[PDB]
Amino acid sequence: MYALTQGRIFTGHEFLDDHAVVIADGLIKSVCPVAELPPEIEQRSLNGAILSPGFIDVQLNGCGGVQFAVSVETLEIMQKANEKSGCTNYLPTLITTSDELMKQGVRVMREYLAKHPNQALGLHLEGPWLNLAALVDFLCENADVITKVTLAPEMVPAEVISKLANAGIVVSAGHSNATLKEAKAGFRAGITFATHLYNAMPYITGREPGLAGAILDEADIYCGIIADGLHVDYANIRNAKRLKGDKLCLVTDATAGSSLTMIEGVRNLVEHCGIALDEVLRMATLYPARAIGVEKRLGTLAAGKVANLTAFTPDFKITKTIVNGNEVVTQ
């Protein structure tokens, strides 16, 4: 048991000043004022660094020189890499149509989940239904380890989208050339998330808003966006933020095609999109968490929540990362 003190701590709702976060048994015992801290506890200093729950990256193809090979070692190498940049949780993406590769993926993730709690959260299946009956049932059978699947709403029957959504899987629209009507139909069918907004989607025109236009117009649809100043012009990010409010998540379509890390993403959103650091942090934690249904366990810094945290300096350099109450990065 110990407490983190001497630094601004962001809980997910506000910034606390002279408080502390006491960690115990991999969980957050409580976040209280430094005064209320019992005298018998170890105190670990933050040195002024901002302390927040670890970032949750829900769209990751690979990092630290590896891509998902589809084994648990890859999964743990990616984890160690993400930590060096404040990311404590992520979703490995599996691009494939090989029903065989999918089974191995599902199997591998399941094996990993048993060994490593609160880290790689689950699979993100991209394909087959893209645009660039046995399957559906298979996917639902393994909804316990398949967190989300990306498909093109034009290329898929609505019944397929419903089944996936009822199995508790997050169905995402992406790599599509869908019209607004086509897009809206997929939302009614159960889709509740869109993969990296503005990318792999049609252009927005006045006559046809397209999928992006639909995502922007649908208030109840979460969606990720790549803040690297390369895949999406910052002006579009600002426009999206205003239209999507609390439904916009920061993602790094990171690979070995961006090379963006989450703090880099946080920095870019704060110094180029004029979004308050407070909101940006929610876009890298609370919102993604909320989007994949793990919020009552990972979105914030609160009693009972898993102790996955990250701390960085005002100039955006990771000073420390904590996974399950254990310091794993010290800078």
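Heads up: residue numbers just count along the shown sequence, starting at 1.
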Exercise. What number of residues from the deposited sequence go unmodelled in the gap from residue 230 to residue 231, classed as none, 1 to 3, 4 to 9, or 10 or more?
Worked result: none
Exercise. Should the higher mean CA B-factor in the entry be assigned to 97-105 or to 75-83?
Worked result: 97-105
For this session: For the higher mean C-alpha B factor in the entry, choose 42-50 or 271-279.
Result: 42-50
Seminar exercise, completed: Highest CA B factor of 301, 70, 266, 35, as deposited, is found at 35
Problem set entry | Out of 250, 235, 216, 151, highest CA B-factor residue | 151
Exercise. Taking the entry's C-alpha B-factors for this chain, is residue 286 in the lowest, middle or highest third?
Worked result: lowest
Seminar exercise, completed: Temperature factor at the Cα of residue 222, chain-ranked in thirds, falls in the lowest
Problem set entry | Position of residue 21 among the chain's modelled residues by C-alpha B-factor, lowest, middle or highest third | highest
Exercise. Residue 175's Cα B-factor: lowest, middle or highest third of the chain?
Worked result: lowest
Exercise. Among the modelled residues of its chain, does the C-alpha B-factor of residue 112 lie in the lowest, middle or highest third?
Worked result: middle
